[PDB]
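Inspection log for the structure reproduced underneath, given as structure tokens.
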RNA sequence: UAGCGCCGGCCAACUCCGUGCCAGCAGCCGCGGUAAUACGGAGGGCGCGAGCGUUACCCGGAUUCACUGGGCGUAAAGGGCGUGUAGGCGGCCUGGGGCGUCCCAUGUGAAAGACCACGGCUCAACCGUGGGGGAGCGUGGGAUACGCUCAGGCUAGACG
RNA sequence: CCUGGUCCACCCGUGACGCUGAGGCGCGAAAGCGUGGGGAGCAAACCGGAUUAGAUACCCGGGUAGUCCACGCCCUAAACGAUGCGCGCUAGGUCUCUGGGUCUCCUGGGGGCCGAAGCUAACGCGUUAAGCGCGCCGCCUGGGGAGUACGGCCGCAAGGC
Ligand SMILES: NC[C@@H]1O[C@H](O[C@H]2[C@@H](O)[C@H](O[C@@H]3[C@@H](O)[C@H](N)C[C@H](N)[C@H]3O[C@H]3O[C@H](CO)[C@@H](O)[C@H](O)[C@H]3N)O[C@@H]2CO)[C@H](N)[C@@H](O)[C@@H]1O
Ligand SMILES: NC[C@@H]1O[C@H](O[C@H]2[C@@H](O)[C@H](O[C@@H]3[C@@H](O)[C@H](N)C[C@H](N)[C@H]3O[C@H]3O[C@H](CO)[C@@H](O)[C@H](O)[C@H]3N)O[C@@H]2CO)[C@H](N)[C@@H](O)[C@@H]1O
Ligand SMILES: [K+]
Ligand SMILES: [K+]
Ligand SMILES: [K+]
Ligand SMILES: [K+]
Ligand SMILES: [K+]
Ligand SMILES: [K+]
Ligand SMILES: [K+]
Ligand SMILES: [K+]
Ligand SMILES: [K+]
Ligand SMILES: [K+]
Ligand SMILES: [K+]
Ligand SMILES: [K+]
Ligand SMILES: [K+]
Ligand SMILES: [Mg+2]
Ligand SMILES: [Mg+2]
Ligand SMILES: [Mg+2]
Ligand SMILES: [Mg+2]
Ligand SMILES: [Mg+2]
Ligand SMILES: [Mg+2]
Ligand SMILES: [Mg+2]
Ligand SMILES: [Mg+2]
Ligand SMILES: [Mg+2]
Ligand SMILES: [Mg+2]
Ligand SMILES: [Mg+2]
Ligand SMILES: [Mg+2]
Ligand SMILES: [Mg+2]
Ligand SMILES: [Mg+2]
Ligand SMILES: [Mg+2]
Ligand SMILES: [Mg+2]
Ligand SMILES: [Mg+2]
Ligand SMILES: [Mg+2]
Ligand SMILES: [Mg+2]
Ligand SMILES: [Mg+2]
Ligand SMILES: [Mg+2]
Ligand SMILES: [Mg+2]
Ligand SMILES: [Mg+2]
Ligand SMILES: [Mg+2]
Ligand SMILES: [Mg+2]
Ligand SMILES: [Mg+2]
Ligand SMILES: [Mg+2]
Ligand SMILES: [Mg+2]
Ligand SMILES: [Mg+2]
Ligand SMILES: [Mg+2]
Ligand SMILES: [Mg+2]
Ligand SMILES: [Mg+2]
Ligand SMILES: [Mg+2]
Ligand SMILES: [Mg+2]
Ligand SMILES: [Mg+2]
Ligand SMILES: [Mg+2]
Ligand SMILES: [Mg+2]
Ligand SMILES: [Mg+2]
Ligand SMILES: [Mg+2]
Ligand SMILES: [Mg+2]
Ligand SMILES: [Mg+2]
Ligand SMILES: [Mg+2]
Ligand SMILES: [Mg+2]
Ligand SMILES: [Mg+2]
Ligand SMILES: [Mg+2]
Ligand SMILES: [Mg+2]
Ligand SMILES: [Mg+2]
Ligand SMILES: [Mg+2]
Ligand SMILES: [Mg+2]
Ligand SMILES: [Mg+2]
Ligand SMILES: [Mg+2]
Ligand SMILES: [Mg+2]
Ligand SMILES: [Mg+2]
Ligand SMILES: [Mg+2]
Ligand SMILES: [Mg+2]
Ligand SMILES: [Mg+2]
Ligand SMILES: [Mg+2]
Ligand SMILES: [Mg+2]
Ligand SMILES: [Mg+2]
Ligand SMILES: [Mg+2]
Ligand SMILES: [Mg+2]
Ligand SMILES: [Mg+2]
Ligand SMILES: [Mg+2]
Ligand SMILES: [Mg+2]
Ligand SMILES: [Mg+2]
Ligand SMILES: [Mg+2]
Ligand SMILES: [Mg+2]
Ligand SMILES: [Mg+2]
Ligand SMILES: [Mg+2]
Ligand SMILES: [Mg+2]
Ligand SMILES: [Mg+2]
Ligand SMILES: [Mg+2]
Ligand SMILES: [Mg+2]
Ligand SMILES: [Mg+2]
Ligand SMILES: [Mg+2]
Ligand SMILES: [Mg+2]
Ligand SMILES: [Mg+2]
Ligand SMILES: [Mg+2]
Ligand SMILES: [Mg+2]
Ligand SMILES: [Mg+2]
Ligand SMILES: [Zn+2]
């Protein structure tokens with residue numbers, strides 16, 4: 005039902021008297037490839053617990069993606085922090101052209117063909133967030149004319 | 001004074017909408033009026049009307065928003081997400097008819113000033129004329 | 006289901022300062038350095054509000070009555086005891102909604118210890134336990150008193166001062182739980198889904214509004230209970 | 002080039018059963034049957050989760066080694082198909098399936114693709130009646146791929162075509178067994194091919 | 001005839017022995033001071049294959065000279081401050097001209113090359129035929145919303 | 001005494017006469033230079049006393065240039081809000097300086113604080129923007145070498161650009 009892939013696992017460190025203390029962050033994307041995605045960052049003393057927890061969070065926070073023939077309805081730039089994502093729609097057969105992070109996110113949203121670019125900070129976390137935000141901002145002609153009825 | 005009256009109007013509208021103002025006045029000009037017409041027709045504003053603030057003419061732009069939302073931040077969706085000035089004083093943007101852009105693959109508009117008058121991208125492309133590219137709205 | 010000119014004390018708001026500009030639409034004018042609530046708009050919102058309330062009530066939904074204001078304490082404690090509704094009286098514990106599972110564990114320990122003081126086992130084990138667990142029950146009954154009635158997340162919450170209770174408000178928003186409130190001039194109208202624009206200070210306004218509300222509830226589920234006995238709490 | 006080495010070892014590295022050997026890859030000797038783990042000293046040890054790049058690389062290598070084509074020819078074909086109209090993946094596969102060696106194999110004149118390549122290079126194959134010794138020769142729809150009249154008495158072709166009696170040939174191919182000739186009817190759809198390959202991963206591999 | 005490079009991460013491919021901050025490696029981060037997947041050899045593996053590597057140079061990634069597409073409180077970056085020249089820029093209404101801008105027609109834009117199709121060498125490379133393009137500039141005609149200019153008017157900027 | 005800037009009320013007058021501003025020109029703390037004067041207190045240099053392992057310092061007693069005036073140079077700075085100028089727009093609350101008004105209050109100009117939206121890498125900014133916009137000038141492009149070398153211009157020199 006729900007396919008999930010982790011983006012980056014990382015190990016961080018705080019400092020306590022007489023040592024470093026390690027924690028583990030995990031970025032997990034979940035999606036059905038039907039147009040529903042989700043993204044979460046779990047943090048735990050050990051890697052598996054962090055991954056599992058990240059999955060839990062990612063299933064908590066979801067995004068409904070309005071797919072048109074496997075691609076996006078229209079282009080978006082999105083700035084999250086210093087990170088910037090540029091998503092642009094593409095003709096079928098193109099395939100997903102993106103970095104690791106937005107590739108995973110898009111692919112799990114069920115995107116077949118798309119064109120992207122990462123600008124500014126490449127920091128995977130903020131890029132992921134940027135991507136989710138982009139997807140969260142997409143509209144359909146339907147939604148548009150839903151807004152402009154008046 | 002105002003260096004760019006039109007850019008100023010667009011900005012007035014932006015600033016007004018982000019706080020969800022009911023309406024906003026902008027100093028009146030026939031050009032501004034012509035733009036506002038397109039805005040109303042395309043459905044970005046409830047409408048505009050000429051008023052008088054003090055002894056001077058103004059245009060009340062009645063703004064338009066989405067329905068109240070759920071979760072945190074109930075603040076409704078903007079009907080105007082993005083309104084941005086293209087041709088400015090000091091750099092002016094003119095496009096041919098083949099050079100006329102397509103905003104958000106059709107989900108937006110672009111306002112051109114042509115010899116056949118102030119038009120949208122669809123309108124001018126259909127009329128077959130290019131012009132000065134005033135702004136993009138989506 | 007009457008109100009109208011029978012509202013006495015409500016139109017009085019907070020002072021000139023301390024207010025929220027977002028509340029400007031619900032103000033009539035400023036008298037003697039006091040924002041006075043608009044007479045008509047109050048009933049205007051009252052209709053839609055109480056309509057929502059009646060719907061929710063006859064559907065079988067639960068409402069969480071909330072306030073700490075100490076003006077509203079002794080009122081809420083009974084008014085919510087009427088009908089079936091759960092209440093928060095003493096203070097709002099962060100996570101009662103979002104952390105609700107974990108908070109419910111405390112209720113389980115509450116009826117756990119009530120069960121302990123039921124059986125013969127009170128005397129079993131040294132007085133060290135008997136002095137402790139008694140205080141545990143003490144505080145558990147002090148805080149979670151009205152909260153014990155919640156077997157699952159509420160279908161709406163009722164709030165007396167939405168600025169004071171703004172945490173409850175906040176995570177009610179967060180959980181998509183409909184937010185009913187009695188708003189004064191110091192409060193943000195946008196956060197409140199169904200607003201009751203009146204004085205949250207005087208015991209009179211609180212009494213009037215909450216009594217009428219519970220009256221509407223029991224009216225919706227039938228049985229027509231007698232007029233609320235909070236009227237003696239005018240003091 | 003075109004390899005010339007141990008083949009069923011690749012059956013093992015790609016983790017999927019490939020038929021580069023014709024028969025015996027069907028017989029339970031394939032060693033992909035009895036040693037499904039990768040070749041070498043470390044083959045039986047637990048594999049670490051492969052990089053995205055690893056997956057793409059290995060998928061493209063799978064696709065390439067199936068047809069036994071050099072990376073150069075392969076790359077050229079892919080870029081050619083990329084410049085072309087239509088979906089790049091399907092057109093790629095179509096172009097691969099248009100190779101004379103592959104067609105000879107598909108029609109069952111040869112049990113394996115490599116054997117087919119030998120059959121082409123040695124002039125046992127004709128196209129529209131004219132001899133063609135290039136395995137890379139692109140077949141077009143309407144072309145009749147036959148066996149050399151002088152080669153029809155060869156023992157191997159006897160064996161191969163006697164086996165082909167009763168066997169069905171792919172929808173885009175027709176086969177006349179008695180005359181030892183066959184027709185290439187059209188270019189195969191993605192739907193036609195049974196390939197254990199995600200082409201989009203290969204597109205993604207050159208996408209890098 | 002089968003060779004060449006690589007197997008610490010970036011980056012596909014790991015074990016034994018020798019060496020002991022030595023000998024050496026290294027594009028960047030780095031490896032080596034007794035049990036080195038990083039030196040040297042061996043087995044094994046990965047990648048290309050009549051080639052494979054290295055050096056140099058060009059564009060790329062580099063939105064790192066940012067027109068598209070960047071910045072300047074503390075990261076590099078506001079001139080010590082004013083006065084003002086040239087220049088850049090310009091509030092509302094009407095009219096004329098049509099310089100900018102826009103549109104139609106036409107000339108030009110050689111061939112080769114680039115793109116598409118068909119065809120000749122058994123294929124391809126190579127080549128032939130045909131088709132489709134095209135910014136720019138010249139000429140003729142037209143439009144006047146915006147910018148320009150000339151003529152008139154207003155008082156919301158500015159000055160008194 | 002001479003003289004600059006500025007704010008408010010009146011809605012009187014002119015009718016876009018505006019903004020910015022490469023060069024140019026003027027101003028420009030302290031120190032420093034030239035000429036003349038002045039010189040109480042302080043005080044680089046310097047002369048001693050202490051301290052210290054030493055003490056070319058910190059502490060103590062003296063002391064010259066200088067600090068002060070006039071005139072003429074020098075053009076630097078953590079010359080700082082480390083934030084170019086001008087105009088329009090976008091919640092409020094509070095303290096304060098200074099006008100005007102029907103003087104609880106309203107309205108205008110300036111200086112502070114907390115804060116809506118928003119912005120920011122964060123810190124923080126937030127009608128005195130670091131927000132939303134337009135115009136124009138100046139400037140940036142990894143660290144050291146180096147604000148050096150060379151050339152030019154300026155300066156009596158120190159030295160500056
Ligand atoms: N210079 C030869 C010319 O070729 C023309 O034809 C041109 C194109 O049709 C042809 O394209 C070929 C072809 O197989 C098919 N149409 C598609 C294929 N991807 C290309 O194959 C090749 O093209 C060129 C070299 O030819 C290179 O990029 C590369 O070797 C390869 N992509 O390549 C030719 C350019 O060399 C015309 N016949 C004529 O102008 C003339 O003979
Ligand atoms: N920090 C630069 C400042 O720029 C100011 O003006 C600058 C901005 O006001 C103006 O807007 C620019 C826009 O032109 C350009 N195309 C893109 C740029 N991101 C914008 O910047 C603006 O918008 C963004 C949000 O989008 C804000 O985060 C930012 O604070 C704001 N300056 O562009 C100008 C050139 O940078 C002052 N003139 C200057 O004194 C000051 O140093
Ligand atoms: K932003
Ligand atoms: K998110
Ligand atoms: K040695
Ligand atoms: K070691
Ligand atoms: K080695
Ligand atoms: K480069
Ligand atoms: K200077
Ligand atoms: K001297
Ligand atoms: K400076
Ligand atoms: K007064
Ligand atoms: K913040
Ligand atoms: K601080
Ligand atoms: K501070
Ligand atoms: Mg949607
Ligand atoms: Mg940024
Ligand atoms: Mg499309
Ligand atoms: Mg960067
Ligand atoms: Mg542009
Ligand atoms: Mg042109
Ligand atoms: Mg397109
Ligand atoms: Mg379409
Ligand atoms: Mg293509
Ligand atoms: Mg293609
Ligand atoms: Mg490419
Ligand atoms: Mg690796
Ligand atoms: Mg080496
Ligand atoms: Mg040893
Ligand atoms: Mg060893
Ligand atoms: Mg080794
Ligand atoms: Mg190495
Ligand atoms: Mg070897
Ligand atoms: Mg070759
Ligand atoms: Mg380079
Ligand atoms: Mg590329
Ligand atoms: Mg570039
Ligand atoms: Mg680029
Ligand atoms: Mg560079
Ligand atoms: Mg730029
Ligand atoms: Mg930059
Ligand atoms: Mg610093
Ligand atoms: Mg300054
Ligand atoms: Mg400087
Ligand atoms: Mg103008
Ligand atoms: Mg001019
Ligand atoms: Mg003209
Ligand atoms: Mg030509
Ligand atoms: Mg041919
Ligand atoms: Mg043409
Ligand atoms: Mg002409
Ligand atoms: Mg005309
Ligand atoms: Mg005109
Ligand atoms: Mg005039
Ligand atoms: Mg005046
Ligand atoms: Mg007047
Ligand atoms: Mg007059
Ligand atoms: Mg000036
Ligand atoms: Mg100057
Ligand atoms: Mg000076
Ligand atoms: Mg001095
Ligand atoms: Mg002197
Ligand atoms: Mg002297
Ligand atoms: Mg002294
Ligand atoms: Mg001494
Ligand atoms: Mg000492
Ligand atoms: Mg001594
Ligand atoms: Mg002394
Ligand atoms: Mg002297
Ligand atoms: Mg000077
Ligand atoms: Mg300062
Ligand atoms: Mg200041
Ligand atoms: Mg300040
Ligand atoms: Mg100041
Ligand atoms: Mg200032
Ligand atoms: Mg700095
Ligand atoms: Mg400022
Ligand atoms: Mg300046
Ligand atoms: Mg000025
Ligand atoms: Mg000013
Ligand atoms: Mg003020
Ligand atoms: Mg001051
Ligand atoms: Mg603050
Ligand atoms: Mg905020
Ligand atoms: Mg903060
Ligand atoms: Mg400003
Ligand atoms: Mg500088
Ligand atoms: Mg400089
Ligand atoms: Mg350097
Ligand atoms: Mg320097
Ligand atoms: Mg210096
Ligand atoms: Mg010099
Ligand atoms: Mg000199
Ligand atoms: Mg000296
Ligand atoms: Mg010196
Ligand atoms: Zn096999």
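Protein chains in written order, with full-length UniProt numbering: chain A, 5 to 154; chain B, 1 to 138; chain C, 6 to 240; chain D, 2 to 209.
Cβ coordinates follow ideal geometry from the N, Cα and C atoms, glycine included.
Rounded to whole angstroms, the gap between the alpha carbons of residue 36 of chain C and residue 55 of chain C is 29 Å. In this structure the segment 129-140 of chain A does not touch the segment 130-147 of chain D; the number of beta carbon pairs closer than 8 Å is below three. The continuous stretches of alpha helix (DSSP H) do not include residue 48 of chain A, which lies in the beta strand (DSSP E) extending over residues 40-48.
The residue among D:180, D:204, D:95 with its C-alpha nearest the C-alpha of residue 186 of chain D is D:95. Following the DSSP letters along the chain, one finds residue 105 of chain A inside the alpha helix (DSSP H) bounded by residues 104-112. Counting only the Cα atoms, residue 203 of chain D lies some 27 Å from residue 27 of chain D. Going by DSSP, residue 82 of chain A is part of the beta strand (DSSP E) stretching over 80-84. Neighbours of residue 71 of chain B in chain C, taken as residues at a C-beta separation under 8 Å, are given in chain order as 178, 179, 181. In terms of beta-carbon proximity, residue 102 of chain B stays away from the interface with chain A, with every pair separated by 7 Å or more. In this structure, residue 196 of chain C and residue 58 of chain C do not form a Cβ contact; the two beta carbons are roughly 18 Å apart against a cut-off of 8 Å. Judged by DSSP in its simplified three-state form, residue 9 of chain D adopts helix. In this chain, residue 199 of chain C is not harboured by any alpha helix (DSSP H); it is covered by the beta strand (DSSP E) spanning 199-202. With respect to residue 25 of chain B, residue 58 of chain B sits close: the two C-beta atoms are nearer than 7 Å.
Under the Cβ criterion (8 Å, minimum of three pairs), the segment 139-152 of chain C does not count as touching the segment 177-186 of chain C. When beta bridges are read from the DSSP output, residue 170 of chain D appears opposite no residue. Between residue 42 of chain A and residue 25 of chain A, the C-beta gap is not smaller than 7 Å, which leaves the two residues out of contact. These are the residues, in chain order, with a beta carbon less than 6 Å from any non-hydrogen atom of ligand 1: D:81, D:84. Secondary structure at residue 164 of chain C: strand, using DSSP grouped into helix, strand and coil. Taking every protein chain shown into account, the CB of residue 68 of chain A has fewer than 16 other CB atoms within 10 angstroms, so this residue is exposed.
Residue 63 of chain C: member of the alpha helix (DSSP H) spanning 44-63, first to last residue. Leaving aside the five residues that flank residue 81 of chain A on each side, the residues in its chain whose CB is nearer than 6 Å to its CB run, in chain order, 90. Taking a cut-off of 8 Å for Cβ pairs, the segment 20-39 of chain A and the segment 50-64 of chain A touch, as three or more such pairs fall below it. Straight-line measurement puts the Cα of residue 235 of chain C at about 10 Å from the Cα of residue 208 of chain C. Per the C-alpha coordinates, the member of A:143, A:13, A:132 positioned closest to residue 86 of chain A is A:132.
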